[PDB]
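We begin with a single chain expressed as structure tokens, specifically the form deposited without the DNA.
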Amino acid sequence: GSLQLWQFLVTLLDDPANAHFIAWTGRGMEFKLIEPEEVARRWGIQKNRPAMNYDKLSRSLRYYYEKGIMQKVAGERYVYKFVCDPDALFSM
């Protein structure tokens, strides 16, 4: 029952109160960190680990890249995508 970064990001993305700093782009499961540092700060609050910033957050995203969970969309700057559909991981 420990909160995972991919789960936290999904929760941010499905709440329109967060749309000014993180939002689905509308292509597949791609999303943009409109304010990367605000996303990082909120992950830090949630997971209880200041001083979280985007530099540190990017290390966790690179972890997800190496582990097949997330990809960084090339040609973009702060656009990522889920590889495995988070809803499908628990649909059964």
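In this text, the rigid core denotes the largest set of C-alpha atoms whose superposition between the two forms falls within 1.5 Å. Numbering starts at 1 and runs along the sequence shown. Shifts are known only where both forms have a C-alpha.
Just so it is clear, the following notes concern the form solved in complex with the DNA, a form of the same protein that is not shown.
For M52, is any heavy atom within 4.5 Å of the DNA in the bound PDB entry, or not?
Residue-level check for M52: yes, a contact with the DNA.
Do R77 and the DNA come within 4.5 Å of each other in the bound PDB entry, heavy atoms counted?
Judged by the heavy-atom cut-off of 4.5 Å, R77 is in contact with the DNA in the bound PDB entry.
Does any part of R27 reach within 4.5 Å of the DNA in the bound PDB entry? Heavy atoms only, please.
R27: no contact with the DNA in the bound PDB entry.
Within 4.5 Å, heavy atoms only: does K81 come near the DNA in the bound PDB entry?
No, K81 is distant from the partner.
Could you list which residues of 57-77 come within 4.5 Å of the DNA in the bound PDB entry, counting heavy atoms only?
Heavy-atom contacts to the DNA in the bound PDB entry: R59, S60, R62, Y63, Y64, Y65, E66, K72, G75, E76, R77.
Only one of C84, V10, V73, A19 shifts by 2 Å or more at CA between the shown form and the other one when the core is aligned; which is it?
By this measure, the answer is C84.
Specify closer or farther for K32 and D85: how their Cα atoms are spaced in the bound PDB entry versus the shown form, given a shift of 3 angstroms or more.
Farther apart, which means the C-alphas of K32 and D85 are at least 3 Å more distant in the bound PDB entry.
Relative to what we see here, could you say if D87 and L33 have their Cα atoms closer or farther apart in the bound PDB entry, with a change of 3 Å or more?
Relative to the shown form, the pair is farther apart.
Give the consecutive runs of 3+ residues, present in both forms, in which every C-alpha shifts by 2 Å or more between the shown form and the other one after rigid core superposition.
The segment that shifts (3 or more residues, C-alpha shift of 2 Å or more) is 84-92 alone.
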